[PDB]
file final-v5.csv (CSV, C-alpha atoms and all ligand atoms)
chain,number,residue,atom,x,y,z
A,1,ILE,CA,21.9,-49.6,-5.6
A,2,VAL,CA,23.6,-46.1,-6.0
A,3,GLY,CA,26.9,-45.5,-4.2
A,4,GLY,CA,27.3,-49.2,-3.2
A,5,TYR,CA,29.9,-51.9,-3.8
A,6,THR,CA,30.1,-55.2,-5.6
A,7,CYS,CA,29.0,-57.6,-2.9
A,8,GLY,CA,31.1,-60.6,-4.0
A,9,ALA,CA,29.6,-63.7,-5.5
A,10,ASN,CA,27.1,-65.5,-3.2
A,11,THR,CA,28.0,-63.5,-0.2
A,12,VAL,CA,24.3,-62.5,0.2
A,13,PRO,CA,23.0,-66.0,-0.1
A,14,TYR,CA,19.3,-65.1,0.8
A,15,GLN,CA,19.1,-62.6,-2.0
A,16,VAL,CA,16.9,-63.7,-4.9
A,17,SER,CA,16.1,-62.2,-8.3
A,18,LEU,CA,12.5,-62.2,-9.5
A,19,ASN,CA,12.4,-62.9,-13.2
A,20,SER,CA,9.5,-62.6,-15.7
A,21,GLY,CA,11.7,-62.8,-18.8
A,22,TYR,CA,14.0,-60.3,-17.3
A,23,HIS,CA,15.0,-59.3,-13.7
A,24,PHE,CA,12.5,-57.0,-12.3
A,25,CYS,CA,12.7,-57.1,-8.4
A,26,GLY,CA,14.6,-58.6,-5.5
A,27,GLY,CA,13.4,-60.8,-2.7
A,28,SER,CA,14.7,-62.7,0.3
A,29,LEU,CA,14.6,-66.4,0.9
A,30,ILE,CA,13.1,-67.0,4.4
A,31,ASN,CA,13.1,-70.9,4.2
A,32,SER,CA,13.4,-73.5,1.5
A,33,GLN,CA,9.8,-72.9,0.1
A,34,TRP,CA,9.2,-69.1,0.6
A,35,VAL,CA,10.4,-65.8,-0.5
A,36,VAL,CA,9.5,-62.4,1.0
A,37,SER,CA,9.3,-59.4,-1.5
A,38,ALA,CA,7.4,-56.2,-2.0
A,39,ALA,CA,3.7,-56.3,-3.0
A,40,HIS,CA,4.4,-53.6,-5.5
A,41,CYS,CA,6.7,-56.2,-7.2
A,42,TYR,CA,3.6,-58.4,-7.9
A,43,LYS,CA,3.5,-59.8,-11.5
A,44,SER,CA,1.9,-63.1,-12.7
A,45,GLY,CA,4.5,-65.6,-14.0
A,46,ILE,CA,7.4,-65.1,-11.6
A,47,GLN,CA,10.4,-67.4,-11.7
A,48,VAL,CA,12.6,-67.1,-8.6
A,49,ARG,CA,16.3,-67.1,-9.2
A,50,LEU,CA,18.5,-68.1,-6.3
A,51,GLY,CA,22.3,-68.4,-6.1
A,52,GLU,CA,22.7,-65.5,-8.6
A,53,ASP,CA,25.6,-63.2,-8.9
A,54,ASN,CA,25.7,-62.1,-12.5
A,55,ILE,CA,22.1,-62.2,-13.6
A,56,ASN,CA,23.0,-62.3,-17.3
A,57,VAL,CA,25.4,-65.2,-17.1
A,58,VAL,CA,24.8,-68.7,-15.9
A,59,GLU,CA,27.7,-69.2,-13.6
A,60,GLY,CA,26.9,-72.6,-12.0
A,61,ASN,CA,25.4,-72.0,-8.6
A,62,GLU,CA,21.9,-70.8,-9.6
A,63,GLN,CA,18.6,-72.5,-8.8
A,64,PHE,CA,15.7,-71.4,-11.0
A,65,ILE,CA,12.3,-72.3,-9.5
A,66,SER,CA,8.9,-71.1,-10.7
A,67,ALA,CA,6.5,-69.6,-8.2
A,68,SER,CA,3.4,-71.6,-7.5
A,69,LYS,CA,1.6,-68.9,-5.5
A,70,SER,CA,2.0,-65.2,-4.7
A,71,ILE,CA,0.2,-63.7,-1.7
A,72,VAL,CA,0.1,-59.8,-1.5
A,73,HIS,CA,-0.6,-58.6,2.0
A,74,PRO,CA,-4.3,-58.4,2.7
A,75,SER,CA,-4.0,-54.7,3.6
A,76,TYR,CA,-1.5,-53.6,0.8
A,77,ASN,CA,-2.4,-50.2,-0.5
A,78,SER,CA,-0.6,-49.6,-3.8
A,79,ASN,CA,-1.3,-45.8,-3.6
A,80,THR,CA,0.5,-45.2,-0.3
A,81,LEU,CA,2.6,-48.4,-0.3
A,82,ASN,CA,1.4,-49.1,3.2
A,83,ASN,CA,1.9,-52.9,3.8
A,84,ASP,CA,4.2,-53.3,0.8
A,85,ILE,CA,5.0,-57.0,1.4
A,86,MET,CA,4.3,-60.1,-0.5
A,87,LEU,CA,5.0,-63.8,0.0
A,88,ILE,CA,6.0,-66.0,-2.9
A,89,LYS,CA,5.8,-69.8,-2.6
A,90,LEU,CA,8.2,-71.9,-4.7
A,91,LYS,CA,6.9,-74.7,-6.8
A,92,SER,CA,9.7,-77.0,-5.3
A,93,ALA,CA,11.9,-76.4,-2.2
A,94,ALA,CA,15.3,-74.8,-2.9
A,95,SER,CA,18.4,-77.0,-2.0
A,96,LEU,CA,19.9,-75.0,0.8
A,97,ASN,CA,23.7,-74.8,0.6
A,98,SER,CA,26.5,-72.3,1.2
A,99,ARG,CA,25.4,-70.1,-1.7
A,100,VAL,CA,21.6,-70.5,-1.3
A,101,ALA,CA,20.5,-69.9,2.3
A,102,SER,CA,17.6,-68.4,4.3
A,103,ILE,CA,17.6,-65.3,6.3
A,104,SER,CA,16.0,-65.2,9.8
A,105,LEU,CA,12.8,-63.2,10.4
A,106,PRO,CA,13.2,-60.7,13.3
A,107,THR,CA,11.9,-61.1,16.8
A,108,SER,CA,12.3,-57.5,17.6
A,109,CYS,CA,12.2,-54.4,15.5
A,110,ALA,CA,15.6,-52.9,14.6
A,111,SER,CA,16.9,-49.8,16.2
A,112,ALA,CA,17.4,-46.3,14.7
A,113,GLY,CA,21.1,-45.9,13.9
A,114,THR,CA,21.6,-49.6,13.2
A,115,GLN,CA,23.7,-50.1,10.0
A,116,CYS,CA,22.0,-52.6,7.7
A,117,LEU,CA,23.0,-54.3,4.5
A,118,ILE,CA,20.8,-53.5,1.4
A,119,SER,CA,21.4,-55.4,-1.8
A,120,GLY,CA,20.1,-55.7,-5.4
A,121,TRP,CA,20.5,-55.5,-9.1
A,122,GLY,CA,18.8,-52.1,-9.4
A,123,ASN,CA,20.0,-48.9,-11.0
A,124,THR,CA,23.3,-47.6,-9.9
A,125,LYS,CA,22.8,-43.9,-11.0
A,126,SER,CA,21.0,-41.2,-9.1
A,127,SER,CA,20.7,-39.2,-12.4
A,128,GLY,CA,20.3,-41.4,-15.3
A,129,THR,CA,20.3,-45.2,-15.8
A,130,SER,CA,22.8,-48.0,-15.5
A,131,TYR,CA,21.9,-51.5,-14.4
A,132,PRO,CA,24.6,-53.7,-13.1
A,133,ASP,CA,24.8,-57.4,-13.9
A,134,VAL,CA,26.5,-58.4,-10.6
A,135,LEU,CA,24.8,-58.0,-7.2
A,136,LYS,CA,25.5,-54.7,-5.5
A,137,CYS,CA,25.5,-53.9,-1.8
A,138,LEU,CA,25.2,-50.9,0.5
A,139,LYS,CA,25.5,-50.4,4.2
A,140,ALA,CA,23.0,-47.8,5.4
A,141,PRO,CA,21.7,-46.8,8.8
A,142,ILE,CA,18.1,-46.8,9.9
A,143,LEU,CA,17.0,-43.2,10.4
A,144,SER,CA,14.8,-41.9,13.3
A,145,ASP,CA,11.0,-42.0,12.8
A,146,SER,CA,10.9,-38.2,13.2
A,147,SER,CA,13.6,-37.7,10.5
A,148,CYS,CA,11.8,-40.1,8.1
A,149,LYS,CA,8.4,-38.2,8.7
A,150,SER,CA,10.2,-34.8,8.1
A,151,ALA,CA,11.6,-36.1,4.9
A,152,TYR,CA,8.2,-37.4,3.5
A,153,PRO,CA,5.5,-35.4,5.4
A,154,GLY,CA,2.1,-37.1,5.5
A,155,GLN,CA,3.4,-40.2,3.8
A,156,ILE,CA,5.2,-42.4,6.4
A,157,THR,CA,3.1,-45.0,8.3
A,158,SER,CA,4.1,-47.1,11.3
A,159,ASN,CA,4.8,-49.9,8.7
A,160,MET,CA,7.7,-48.0,7.1
A,161,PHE,CA,11.1,-46.9,8.1
A,162,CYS,CA,13.7,-44.8,6.4
A,163,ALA,CA,17.4,-45.8,5.9
A,164,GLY,CA,20.3,-44.1,4.1
A,165,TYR,CA,22.0,-40.8,4.0
A,166,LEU,CA,20.3,-37.4,3.9
A,167,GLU,CA,23.3,-35.8,2.1
A,168,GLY,CA,22.5,-38.0,-0.9
A,169,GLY,CA,24.8,-40.2,-2.9
A,170,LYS,CA,24.0,-43.7,-1.4
A,171,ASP,CA,20.6,-45.4,-1.7
A,172,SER,CA,18.7,-48.3,-3.2
A,173,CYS,CA,16.9,-47.6,-6.5
A,174,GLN,CA,14.6,-48.9,-9.2
A,175,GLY,CA,15.1,-52.6,-9.7
A,176,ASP,CA,16.2,-53.2,-6.1
A,177,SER,CA,12.5,-53.1,-5.0
A,178,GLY,CA,11.5,-56.2,-3.0
A,179,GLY,CA,15.0,-57.0,-1.9
A,180,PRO,CA,16.4,-57.2,1.6
A,181,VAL,CA,17.4,-54.8,4.3
A,182,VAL,CA,19.3,-57.0,6.8
A,183,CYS,CA,20.2,-55.7,10.3
A,184,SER,CA,21.9,-57.7,12.9
A,185,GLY,CA,21.5,-60.8,10.8
A,186,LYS,CA,17.7,-60.5,10.5
A,187,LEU,CA,15.4,-59.4,7.6
A,188,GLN,CA,14.2,-56.0,8.9
A,189,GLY,CA,13.3,-54.2,5.7
A,190,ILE,CA,12.1,-54.6,2.1
A,191,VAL,CA,13.1,-52.1,-0.5
A,192,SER,CA,9.9,-50.2,-1.1
A,193,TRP,CA,10.0,-46.6,-2.3
A,194,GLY,CA,11.7,-43.2,-2.2
A,195,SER,CA,11.7,-40.0,-4.1
A,196,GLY,CA,14.2,-40.6,-6.9
A,197,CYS,CA,17.4,-42.4,-5.7
A,198,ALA,CA,20.2,-41.0,-3.6
A,199,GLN,CA,18.8,-37.5,-3.7
A,200,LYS,CA,19.6,-35.1,-0.8
A,201,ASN,CA,16.9,-35.2,2.0
A,202,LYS,CA,15.0,-38.1,0.3
A,203,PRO,CA,16.3,-41.3,2.0
A,204,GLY,CA,15.0,-44.8,1.0
A,205,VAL,CA,11.7,-46.0,2.6
A,206,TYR,CA,11.5,-49.6,3.5
A,207,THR,CA,8.7,-52.0,4.6
A,208,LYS,CA,9.0,-52.7,8.4
A,209,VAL,CA,9.2,-56.5,8.3
A,210,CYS,CA,9.0,-56.9,12.1
A,211,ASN,CA,5.3,-55.7,11.9
A,212,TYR,CA,4.5,-58.7,9.7
A,213,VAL,CA,6.0,-61.7,11.3
A,214,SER,CA,2.7,-63.1,12.7
A,215,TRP,CA,1.1,-62.7,9.2
A,216,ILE,CA,4.1,-64.4,7.6
A,217,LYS,CA,4.1,-67.3,10.0
A,218,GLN,CA,0.3,-67.9,9.8
A,219,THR,CA,0.3,-67.6,6.1
A,220,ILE,CA,3.2,-70.1,5.7
A,221,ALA,CA,1.5,-72.4,8.2
A,222,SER,CA,-1.5,-72.5,5.9
A,223,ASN,CA,-0.2,-72.6,2.3
B,301,CA,CA,23.8,-66.0,-13.0

call {"tool": "encode", "arguments": {"input": "final-v5.csv", "output": "structure tokens", "more": "lines below"}}
Ligand SMILES: [Ca+2]
result
Amino acid sequence: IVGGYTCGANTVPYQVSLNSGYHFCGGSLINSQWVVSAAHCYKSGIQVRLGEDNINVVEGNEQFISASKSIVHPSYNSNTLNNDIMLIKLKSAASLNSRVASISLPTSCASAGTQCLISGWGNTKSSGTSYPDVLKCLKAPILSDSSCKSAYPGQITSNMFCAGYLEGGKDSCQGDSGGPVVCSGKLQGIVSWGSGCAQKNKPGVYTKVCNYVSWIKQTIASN
């Protein structure tokens, strides 16, 4: 997250870190057994880390649970990032508590102009590299479909939305991929892509979770 703030330990209790020997992507806990992340975060050998604040210090509220299954969307296209969504099943259910909690799936799609909370352990520099240890947060508004398509001509599908600031300076970034975009208390987006981070005229692009709720529900009813 570039241009964000330190969230505060465990104030984003649905945020997970995906670890394969090191943090490599975020995700969102949607119930005690399942995490939503980006398909482009797929790796074999994922351990889900819940209850994290500093990902390099064991502070006492973590739960580390291996994935038993990962399910990339059936129509994910890694070239365009259309349908950039994945489900990860935990080998054992998380113990839900004040620091480890699920986020609701949406019923309706979010509205342009809605301010959403985006979080992660990704790079904090637009130019260069610095990865934080503690979880960072950003409030960013959803941009109109027409502004998103103007920013990335020929690249935005109906399964993507843009959020952020066209002047630059505030965005998600590498290492935040797969993590949450929460708007009005529902998981509306997944950190997916963008040109650089926090560059002028190049807002973040996010997987539109409200298009996937029936897939998510049928898949979790069956696995
Ligand atoms: Ca920790």

call {"tool": "closest_residue", "arguments": {"input": "final-v5.csv", "among": "A:217, A:139, A:23, A:186", "to": "residue A:105", "atoms": "all atoms listed in the file"}}
result
A:186

call {"tool": "atom_distance", "arguments": {"input": "final-v5.csv", "atom1": "atom CA of residue A:160", "atom2": "atom CA of residue A:16"}}
result
21.8 Å

call {"tool": "closest_atom_pairs", "arguments": {"input": "final-v5.csv", "of": "stretch 67-153 of chain A", "to": "stretch 33-37 of chain A", "cutoff": "9 Å", "atoms": "only C-alpha atoms", "output": "JSON lines"}}
result
{"residue": "A:84", "atom": "CA", "partner": "A:37", "partner_atom": "CA", "distance": 8.3}
{"residue": "A:85", "atom": "CA", "partner": "A:37", "partner_atom": "CA", "distance": 5.7}
{"residue": "A:86", "atom": "CA", "partner": "A:37", "partner_atom": "CA", "distance": 5.1}
{"residue": "A:87", "atom": "CA", "partner": "A:36", "partner_atom": "CA", "distance": 4.8}
{"residue": "A:88", "atom": "CA", "partner": "A:35", "partner_atom": "CA", "distance": 5.0}
{"residue": "A:89", "atom": "CA", "partner": "A:34", "partner_atom": "CA", "distance": 4.7}
{"residue": "A:90", "atom": "CA", "partner": "A:33", "partner_atom": "CA", "distance": 5.2}
{"residue": "A:91", "atom": "CA", "partner": "A:33", "partner_atom": "CA", "distance": 7.7}
{"residue": "A:92", "atom": "CA", "partner": "A:33", "partner_atom": "CA", "distance": 6.8}
{"residue": "A:93", "atom": "CA", "partner": "A:33", "partner_atom": "CA", "distance": 4.7}
{"residue": "A:94", "atom": "CA", "partner": "A:33", "partner_atom": "CA", "distance": 6.5}

call {"tool": "atom_distance", "arguments": {"input": "final-v5.csv", "atom1": "atom CA of residue A:40", "atom2": "atom CA of residue A:196"}}
result
16.3 Å

call {"tool": "residues_near_ligand", "arguments": {"input": "final-v5.csv", "ligand": "ligand CA 301 (chain B)", "cutoff": "6 Å", "atoms": "all atoms listed in the file", "output": "PDB file with C-alpha atoms, keeping the file's coordinate frame"}}
result
ATOM      1  CA  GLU A  52      22.700 -65.500  -8.600  1.00  0.00           C
ATOM      2  CA  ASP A  53      25.600 -63.200  -8.900  1.00  0.00           C
ATOM      3  CA  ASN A  54      25.700 -62.100 -12.500  1.00  0.00           C
ATOM      4  CA  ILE A  55      22.100 -62.200 -13.600  1.00  0.00           C
ATOM      5  CA  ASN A  56      23.000 -62.300 -17.300  1.00  0.00           C
ATOM      6  CA  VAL A  57      25.400 -65.200 -17.100  1.00  0.00           C
ATOM      7  CA  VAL A  58      24.800 -68.700 -15.900  1.00  0.00           C
ATOM      8  CA  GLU A  59      27.700 -69.200 -13.600  1.00  0.00           C
TER       9      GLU A  59
END

call {"tool": "residues_near_point", "arguments": {"input": "final-v5.csv", "point": "(26.5, -55.1, -16.0)", "cutoff": "10 Å", "atoms": "only C-alpha atoms", "output": "ChimeraX atom specification"}}
result
/A:54-56,121,130-135

call {"tool": "closest_atom_pairs", "arguments": {"input": "final-v5.csv", "of": "stretch 57-111 of chain A", "to": "stretch 140-154 of chain A", "cutoff": "12 Å", "atoms": "all atoms listed in the file", "output": "CSV"}}
result
residue,atom,partner,partner_atom,distance
A:80,CA,A:154,CA,10.1
A:109,CA,A:142,CA,11.1
A:110,CA,A:142,CA,8.1
A:111,CA,A:142,CA,7.1
